[PDB]
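I have placed the structure first, in the form of C-alpha cells, so that the comments after it can refer back to it.
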Amino acid sequence: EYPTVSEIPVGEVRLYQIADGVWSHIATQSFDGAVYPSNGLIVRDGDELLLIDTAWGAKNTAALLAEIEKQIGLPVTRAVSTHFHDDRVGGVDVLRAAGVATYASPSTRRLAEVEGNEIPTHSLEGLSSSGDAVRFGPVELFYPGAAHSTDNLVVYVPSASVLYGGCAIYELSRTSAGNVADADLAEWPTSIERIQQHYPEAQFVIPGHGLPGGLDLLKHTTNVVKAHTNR
Ligand SMILES: Cc1cnc(C(=O)O)n1Cc1ccccc1
Ligand SMILES: [Zn+2]
Ligand SMILES: [Zn+2]
C-alpha cells in the first residue's frame, strides 16, 4: 500500500517498489503551516541507479540516499530534476557532494538560479520545444509544454510502463488547484494532451505529490485545472 502523508514524519523517506528496477521515493515537508507529501523516482540502470527529483530539502535527500543504501545498496550516479521548485531541487547540494551527477534542462537551470534554488550542474540538451523527447539511460525524458511550470518534465520508464508526471499531474484525492503562480493555466491542458498522445501505453502514473493511478490521472488534472481557470 502506498505511504500516505499521515504515515511519514518530516525527515524520513520511504521507497515503494513499482516494478523490477523501478521504485518511487516518498517524503514529507511542512510549508505554510501544513504538511504535504512528495514523490520522486528511482530506476535501475544495470549496476548504477538513476534518481528522478530530490526528496524536498537537504535533510530528506540525505535520508533518501541512506534509505537507498539500506534497501537497494546500489549507487546513485545521475540525477534529473523535473522542474526548478524546491520539491525537485531541494537537496541538489547533498547529491553533488555524494558524488551524484545532477542534471536539469537549461530552462530549469535558469529559473532555479533566478528563484534562488539549488542548481543542477549538468544541462540536459534537446528538450526546449514541446513534444521534445530524449533518451537518458533507462528512461525517456519529455517536455510536454508549459503546465505547473514552464520547464516541467515528465519521465517514462518503458521497461515498466511507468509514467512519472511530476507536479504537472495531480493525485485523484486532490480537487483544488492550489497555488499555481508559476503555471501556464492556458497551456497546461494542451500540455497534458501531449502526455497522453506520447505515452498511451502507460499503466502506472505517478504524480508529483500523492497516490499513483493510471492515465485517468490526466483527465483528473485537466479537470481540476480547467476549474481553477474558470474561478
Ligand atoms: C507545496 C507544494 C509543492 N509542490 C506543490 C505542487 O502543487 O506541485 N505544492 C502544492 C501542493 C502540494 C501537495 C498537495 C497540495 C498542494
Ligand atoms: Zn513545483
Ligand atoms: Zn510540487
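Identifiers in the C-alpha cells: chain A, B, ... in order shown; residue index from 1 per chain; ligand index from 1 in order shown.
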
List the neighbours of residue A:108 out to 6 Å using only C-alpha atoms; skip same-chain residues closer than 5 positions along the sequence, and give me the result as JSON, numbers by chain. {"A": [83, 84, 151]}

Got a sec: who's within 9 Å of residue A:198, counting only C-alpha atoms, leaving out chain neighbours fewer than 4 positions off, as a PDB file with C-alpha atoms, in the first residue's frame?
```
ATOM      1  CA  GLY A 131       6.951  17.401 -27.655  1.00  0.00           C
ATOM      2  CA  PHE A 142       9.648  14.556 -22.285  1.00  0.00           C
ATOM      3  CA  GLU A 193      -2.864  16.123 -24.114  1.00  0.00           C
ATOM      4  CA  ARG A 194       0.662  15.771 -25.378  1.00  0.00           C
TER       5      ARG A 194
END
```

Could you check how far atom CA of residue A:73 sits from atom CA of residue A:11, in Å to one decimal?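 Going from atom CA of residue A:73 over to atom CA of residue A:11 covers 20.3 Å.
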
Contacts of residue A:175 within 10 Å, only C-alpha atoms, excl. fewer than 2 positions in-chain, as a PyMOL selection string: chain A and resi 170-173+177-178+220-221+223-225+227-228

Which one of A:9, A:158, A:90, A:144 sits closest to ligand 2 if you count only C-alpha atoms and all ligand atoms? A:90

Test item: residues at most 8 Å from stretch 127-129 of chain A, only C-alpha atoms, excluding those fewer than 4 positions along its chain, as a PyMOL selection string: chain A and resi 105+107+133-134+142-143+145

Residues within 10 Å of ligand 2, counting only C-alpha atoms and all ligand atoms: report them as a list in words.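 Answer in the requested format: residues 82, 83, 84, 85, 86, 87, 88, 89, 148, 149, 151, 152, 166, 167, 168, 179, 180, 181, 182, 183, 208 and 209 of chain A.
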
Taking the DSSP secondary structure from the backbone, can you list the residues of stretch 20-173 of chain A that are strand (DSSP E or B), as JSON, numbers by chain? {"A": [22, 23, 24, 25, 26, 27, 28, 29, 30, 31, 34, 35, 36, 37, 38, 39, 40, 41, 42, 43, 44, 45, 48, 49, 50, 51, 52, 76, 77, 78, 79, 80, 101, 102, 103, 104, 122, 123, 133, 134, 135, 136, 139, 140, 141, 142, 154, 155, 156, 157, 162, 163, 164, 165, 166]}

Choose the residue, out of A:124, A:218, A:185, A:65, that has the smallest atom-to-atom separation from residue A:91; count only C-alpha atoms.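 So, comparing all the options, the nearest one is A:65.
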
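Shortest separation to ligand 3 among A:169, A:162, A:63, A:215 occurs at residue A:169, atoms counted being only C-alpha atoms and all ligand atoms.
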
Could you jot down the atom CA of residue A:80 to atom CA of residue A:53 separation for me, Å, one decimal place? 5.8 Å

Can you list, as a PyMOL selection string, every protein, DNA or RNA residue that comes within 12 Å of residue A:46 when you count only C-alpha atoms, leaving out same-chain residues fewer than 2 positions away? chain A and resi 20-22+43-44+48-50+74-77+137-138

Could you please write out, as a ChimeraX atom specification, every residue of stretch 169-211 of chain A that DSSP assigns to alpha helix (DSSP H)? /A:188-198

Go ahead and save the picked residues with N, CA and C atoms, as an mmCIF file, in the first residue's frame.
```cif
data_model
loop_
_atom_site.group_PDB
_atom_site.id
_atom_site.type_symbol
_atom_site.label_atom_id
_atom_site.label_comp_id
_atom_site.auth_asym_id
_atom_site.auth_seq_id
_atom_site.Cartn_x
_atom_site.Cartn_y
_atom_site.Cartn_z
ATOM 1 N N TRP A 188 -1.552 24.443 -19.885
ATOM 2 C CA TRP A 188 -1.478 23.218 -19.102
ATOM 3 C C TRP A 188 -2.297 22.081 -19.705
ATOM 4 N N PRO A 189 -3.552 22.276 -20.118
ATOM 5 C CA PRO A 189 -4.302 21.136 -20.651
ATOM 6 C C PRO A 189 -3.820 20.651 -21.994
ATOM 7 N N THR A 190 -3.484 21.548 -22.909
ATOM 8 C CA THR A 190 -2.827 21.126 -24.132
ATOM 9 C C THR A 190 -1.589 20.336 -23.804
ATOM 10 N N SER A 191 -0.895 20.731 -22.760
ATOM 11 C CA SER A 191 0.321 20.041 -22.372
ATOM 12 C C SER A 191 0.045 18.624 -21.901
ATOM 13 N N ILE A 192 -1.032 18.418 -21.145
ATOM 14 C CA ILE A 192 -1.412 17.070 -20.747
ATOM 15 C C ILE A 192 -1.831 16.242 -21.947
ATOM 16 N N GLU A 193 -2.547 16.837 -22.888
ATOM 17 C CA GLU A 193 -2.864 16.123 -24.114
ATOM 18 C C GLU A 193 -1.621 15.498 -24.701
ATOM 19 N N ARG A 194 -0.559 16.282 -24.799
ATOM 20 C CA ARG A 194 0.662 15.771 -25.378
ATOM 21 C C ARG A 194 1.164 14.563 -24.602
ATOM 22 N N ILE A 195 1.064 14.584 -23.273
ATOM 23 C CA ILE A 195 1.484 13.436 -22.469
ATOM 24 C C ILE A 195 0.710 12.189 -22.867
ATOM 25 N N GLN A 196 -0.621 12.301 -22.909
ATOM 26 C CA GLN A 196 -1.483 11.203 -23.337
ATOM 27 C C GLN A 196 -1.066 10.648 -24.682
ATOM 28 N N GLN A 197 -0.826 11.521 -25.656
ATOM 29 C CA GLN A 197 -0.626 11.055 -27.013
ATOM 30 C C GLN A 197 0.743 10.403 -27.181
ATOM 31 N N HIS A 198 1.728 10.800 -26.384
ATOM 32 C CA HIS A 198 3.060 10.235 -26.482
ATOM 33 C C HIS A 198 3.247 8.966 -25.646
#
```

Nearest residue to residue A:17 out of A:160, A:186, A:125, A:96, using only C-alpha atoms?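 Of all the options, A:160 lies closest to residue A:17.
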
Of the candidates A:6, A:41, A:32, A:98, which shows the shortest atom-to-atom distance to residue A:154, using only C-alpha atoms?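 So, comparing all the options, the nearest one is A:41.
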